[PDB]
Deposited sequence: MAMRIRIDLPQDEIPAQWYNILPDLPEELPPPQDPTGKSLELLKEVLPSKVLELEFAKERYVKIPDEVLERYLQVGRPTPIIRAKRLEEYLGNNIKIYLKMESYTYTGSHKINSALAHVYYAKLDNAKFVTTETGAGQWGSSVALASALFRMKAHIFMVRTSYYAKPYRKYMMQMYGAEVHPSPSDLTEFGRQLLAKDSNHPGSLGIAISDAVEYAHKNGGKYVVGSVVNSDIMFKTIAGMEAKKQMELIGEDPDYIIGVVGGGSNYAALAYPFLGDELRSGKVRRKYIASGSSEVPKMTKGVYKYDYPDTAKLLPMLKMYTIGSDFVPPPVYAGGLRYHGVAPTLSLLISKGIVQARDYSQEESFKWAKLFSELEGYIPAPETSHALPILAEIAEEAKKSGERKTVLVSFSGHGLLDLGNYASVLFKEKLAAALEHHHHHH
């Protein structure tokens, strides 16, 4: 009785755009950025329609990569927690790349191909985004050039290998394939690189060679594409007649959480009354959730995109080298930040020691190793268990289980196995 499957012939056929349903208007963002970006991707940012039809070509690849993903009920975790709540896991880890990121990668590549792009480029550090764009590129028969921070290129090889199995060309950055890259290599032939440097690398290469750049950021389009997870989950839960009392997840930039929660939150906002509790968490080592300044700031280190109004601890923030928690990003998506400032979504932060302890507990109890990023949601369940206990009612929790941790086992090892 623990897995709820949505047949592939019943997958949702539109994405959800919360913009029209926000309590107040979203604080507008503040080119080139138009030559390298897919035309429709630019269009969908300002979108005023509540829904965007998913192209049939995109929908077909969604099915190809494992969608719809199941909801799993974590009954053993429930028992451990005293059977005071019910825990439903939306398993985005079940996609072939093991995370929710392929949901927007497929759409970005599709719209690049529509623009008649000769290839797509993107930046990557740890390789989560890179491997997702690599798969999406392969499924559209699109040439992919991935610019990977040279340090990570050697340090975290398995995801490089994954990108290469998918047939992507992977370039250590700064690369000699661009002027901006060659100019840095003349300073240091083994220049360690940065995420910012790789964005500049990927952008210049698309710009100069008639390609398109695939943005993996907190832009409104990206969140919209990922809401296929929430669209599915809404249908699954209504299928077994359970309405969640809590929806929770973690915030890198916030796209995975929003993607799950927004379709539920949209219903409520349109009814005028928010009844559910929404709780998202990040890492206290990178505390933009709980200690962020709400202000206009650069969504990327390259200063490529215009500033967005978001919770941020600054685009130059770097985490301690001990941090293996994976939620390194400095800001929160503008829509989510707006929601947090209005008290609609509650913010939490946990240490990696606390989160990884829960990861370990979850792996032994339920049997599935969560991504280190995902592990930061688990401490929220303890807090919810207590409040439920004081309810007299059994509360239902829906969790964005954003990825598995098989390719992050080295991260866990560095904390858990000394």
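Positions of the deposited sequence absent from the coordinates, in order: 1 to 3, 34 to 40, 429 to 442.
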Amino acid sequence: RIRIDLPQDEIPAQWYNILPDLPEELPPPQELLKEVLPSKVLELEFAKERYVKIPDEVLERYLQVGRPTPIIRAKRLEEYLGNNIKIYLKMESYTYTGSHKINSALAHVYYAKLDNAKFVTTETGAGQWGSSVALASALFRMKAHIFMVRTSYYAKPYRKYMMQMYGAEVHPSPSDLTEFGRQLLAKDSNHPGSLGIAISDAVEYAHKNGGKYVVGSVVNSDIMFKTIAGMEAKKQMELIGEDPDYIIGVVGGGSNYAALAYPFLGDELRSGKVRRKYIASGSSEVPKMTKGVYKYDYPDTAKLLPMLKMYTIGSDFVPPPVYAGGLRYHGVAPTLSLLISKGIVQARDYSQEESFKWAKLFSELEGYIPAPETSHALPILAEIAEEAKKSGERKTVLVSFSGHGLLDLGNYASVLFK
From here on, numbers count along this sequence of modelled residues.
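In this entry, the higher average B-factor at the C-alpha atoms falls on 35 to 43, of the pair 35 to 43 and 53 to 61. Stretch comparison (267 to 275 versus 232 to 240) by mean CA B-factor in the PDB entry places 267 to 275 on top. Between the residues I223, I248, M165, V322, the entry's highest C-alpha temperature factor is the one at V322.
Taking only the listed residues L106, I344, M310, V219, the entry reports the highest CA temperature factor at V219. For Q352, the recorded CA B-factor ranks within the middle third of the chain. Only modelled residues enter the ranking. Residue-level temperature factors show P29 in the highest third of its chain, judged at the C-alpha atom.
Ranked by C-alpha B-factor against the other modelled residues of its chain, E373 falls in the lowest third. Sort the modelled residues of the chain by CA B factor and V214 lands in the middle third. Per the PDB record, residue ranking by Cα B-factor puts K303 in the highest third of the chain.
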